[PDB]
S.K.: 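Handing you this structure, nothing more for now.
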Amino acid sequence: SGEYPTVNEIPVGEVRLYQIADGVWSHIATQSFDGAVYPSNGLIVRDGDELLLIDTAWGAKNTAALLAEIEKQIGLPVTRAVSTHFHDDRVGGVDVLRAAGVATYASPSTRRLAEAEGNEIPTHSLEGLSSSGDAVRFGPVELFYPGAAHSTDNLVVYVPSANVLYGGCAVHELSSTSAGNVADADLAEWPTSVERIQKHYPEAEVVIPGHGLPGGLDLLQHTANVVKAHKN
Ligand SMILES: CC(=O)Nc1nc2cccc(-c3c(C(=O)O)[nH]c4c(C(C)C)cccc34)c2s1
Ligand SMILES: [Zn+2]
Ligand SMILES: [Zn+2]
């Protein structure tokens, strides 16, 4: 009923949308992994009379439900999608997207890691993102590679028209007391990567984590703190 939707409020297989700003929504879904249930976020950005999707809804059936929710709530076609790293909460569902006619994109690093992992593989490579601090435009957003953090390939997304920073899994929510799934993370580089984000997007008004509740710029420093404390 208007609050940001939480893990216990979303059955696995359902998807919710949350309006962030004019023309900007997050999508929220839940999935089971290794016997626990987690929420995860993605982004939707209006692109004229089309939509740009950032990240799948973590699985094929969730992603079909995402497309149905978008049609219900927004009614514009998703024409392109970007996955912000290689894990299943970002690329699981790419096959559903592709079969629905959505053009799917990721960095070459993400595509290689997804392939090697046995995850679904976005179709098109996003060049110009291989060095930390790189940025490229993609429709109504900027894609930024901050350096290794949650994963070596993680990208962040900025919506300049709305000052919305989507951190993906490189950014944690404020209630987080752990660094999440660190299997593929670089804990030593993560704080430096966050500092690059902070320097590059000082006017961000909303920061959206990969999992959990949006907030303001404090999520960035909070993430650096949680990661340093995990590493310690
Ligand atoms: C023992 C343990 O794993 N605890 C965890 N707590 C959290 C809290 C928030 C997020 C996560 C979390 C993240 C993330 O951090 O991006 N990715 C996850 C994936 C992908 C690899 C598909 C699977 C399962 C979960 C996550 C976790 S994992
Ligand atoms: Zn991940
Ligand atoms: Zn994640």
Side-chain angles (χ1 to χ4, degrees), residues 4-5 15-29 39-58 62-85 89-94 96-98 100-107 110 122-129 134-146 154-171 173 197 200-217 219-220:
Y4 200 81
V15 174
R16 312 284 196 272
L17 309 184
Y18 183 91
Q19 186 90 254
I20 296 285
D22 176 37
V24 184
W25 300 255
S26 66
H27 64 83
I28 313 87
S40 85
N41 299 318
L43 205 70
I44 302 160
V45 186
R46 189 167 57 234
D47 180 20
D49 60 3
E50 299 173 11
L51 302 174
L52 175 62
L53 181 64
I54 312 299
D55 293 324
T56 68
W58 197 353
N62 279 358
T63 300
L66 168 67
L67 293 177
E69 196 69 17
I70 291 173
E71 183 48 33
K72 170 177 188 187
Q73 300 291 351
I74 304 173
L76 295 172
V78 177
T79 58
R80 300 184 287 189
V82 172
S83 294
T84 61
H85 68 278
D89 59 321
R90 308 295 128 195
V91 299
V94 155
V96 159
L97 296 174
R98 186 176 15 245
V102 180
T104 62
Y105 295 78
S107 75
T110 296
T123 297
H124 299 289
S125 287
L126 297 169
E127 297 295 338
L129 292 164
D134 276 345
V136 303
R137 292 305 309 271
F138 195 94
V141 307
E142 183 171 68
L143 306 179
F144 181 71
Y145 174 53
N154 49 205
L155 301 180
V156 310
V157 180
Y158 193 69
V159 188
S161 72
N163 292 308
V164 171
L165 178 58
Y166 174 87
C169 311
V171 176
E173 72 175 321
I197 300 169
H200 204 85
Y201 297 114
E203 311 203 310
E205 291 180 22
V206 175
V207 179
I208 301 166
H211 306 265
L213 311 190
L217 278 169
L219 277 68
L220 300 181

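The analysis underlying the following values was restricted to heavy atoms, covering all of them including side chains, and did not include hydrogens, waters or symmetry mates. We count residues from 1, following the sequence as given.
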S.K.: Are a donor atom and an acceptor atom from the side chains of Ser26 and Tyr4 found within less than 3.5 Å of each other?
M.R.: yes

S.K.: If I compare all heavy atoms of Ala204 with all of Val207, which pair ends up nearest, and what's the gap?
M.R.: CB-CG2, 4.4 Å

S.K.: What distance do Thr79 atom OG1 and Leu51 atom CG have between them, rounded to the nearest 0.5 Å?
M.R.: 7.5 Å

S.K.: Residues two or more places apart in sequence or in another chain: which of them pass salt bridge (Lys or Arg N to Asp or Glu O under 4.0 Å) with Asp49?
M.R.: none

S.K.: Indicate the atoms forming the closest heavy-atom contact of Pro140 with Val159, along with that distance.
M.R.: O-CG1, 4.0 Å

S.K.: Over all heavy atoms of both residues, which pair between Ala21 and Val164 is shortest? Give the atoms and the distance, please.
M.R.: CB-CG2, 4.4 Å

S.K.: Which heavy-atom pair separates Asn154 from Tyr145 by the least distance, and what is that distance?
M.R.: O-CD1, 3.3 Å

S.K.: May I ask you to test the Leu66-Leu53 pair for a side-chain heavy-atom distance under 4.5 Å?
M.R.: yes

S.K.: Are any non-hydrogen side-chain atoms of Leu76 and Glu50 less than 4.5 angstrom apart?
M.R.: no

S.K.: Rounded to the nearest 0.5 Å, what separates atom CG in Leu217 from atom CG in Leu165?
M.R.: 7.5 Å

S.K.: According to salt bridge (charged side-chain N to carboxylate O under 4.0 Å, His left out), does anything in residues 64-80 pair up with another residue at least two apart or in another chain? List the pairs.
M.R.: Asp47-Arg80

S.K.: Look at the side chain of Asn41 and the backbone N and O of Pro209, then say whether any donor-acceptor pair between them is shorter than 3.5 Å.
M.R.: yes

S.K.: Determine, step by step, whether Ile197 and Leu220 satisfy the side chain to side chain contact (heavy atoms under 4.5 Å, CB included) criterion, reporting the C-alpha distance in whole Å, the side-chain angles of both residues, the deciding distance to 0.1 Å, and the verdict.
M.R.: CA-CA 8 Å; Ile197 300 169; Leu220 300 181; 4.0 Å; yes

S.K.: Any side-chain heavy atom of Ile54 within less than 4.5 Å of one from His27?
M.R.: no

S.K.: Quick one, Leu43 and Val24 - any side-chain contact, counting heavy atoms below 4.5 Å?
M.R.: yes

S.K.: Could you tell me whether a side-chain N or O of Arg137 sits under 3.5 Å from a main-chain N or O of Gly139, the two making a donor and an acceptor?
M.R.: yes

S.K.: Checking ring-ring contact (aromatic ring centres under 6.0 Å, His included) between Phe144 and each of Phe138, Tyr201, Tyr158, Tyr166, which is the one that passes?
M.R.: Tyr201

S.K.: For the side chain of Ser83 and the backbone of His85, is there at least one donor-acceptor N/O pair under 3.5 Å apart?
M.R.: no

S.K.: Is it true that a side-chain atom of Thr56 and a backbone atom of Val94 form a donor plus acceptor pair closer than 3.5 Å?
M.R.: no

S.K.: To check you understand the geometry: which heavy-atom pair defines the closest contact between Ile74 and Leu17, and what is its length?
M.R.: CD1-CD1, 3.9 Å

S.K.: Can you confirm whether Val136 sits close enough to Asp134 that some side-chain heavy atom of one is under 4.5 Å from a side-chain heavy atom of the other?
M.R.: no

S.K.: From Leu126 CG over to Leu143 CG, what is the distance, rounded to the nearest 0.5 angstrom?
M.R.: 6.0 Å

S.K.: Counting C-beta onward and ignoring hydrogens, is there a side-chain heavy-atom pair between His200 and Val156 closer than 4.5 Å?
M.R.: no

S.K.: Write down the atom of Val15, the atom of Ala57, and the distance for their closest heavy-atom approach.
M.R.: CG2-CB, 4.3 Å

S.K.: With rounding to the nearest 0.5 Å, note down the distance linking OG in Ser40 to CG in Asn62.
M.R.: 7.5 Å

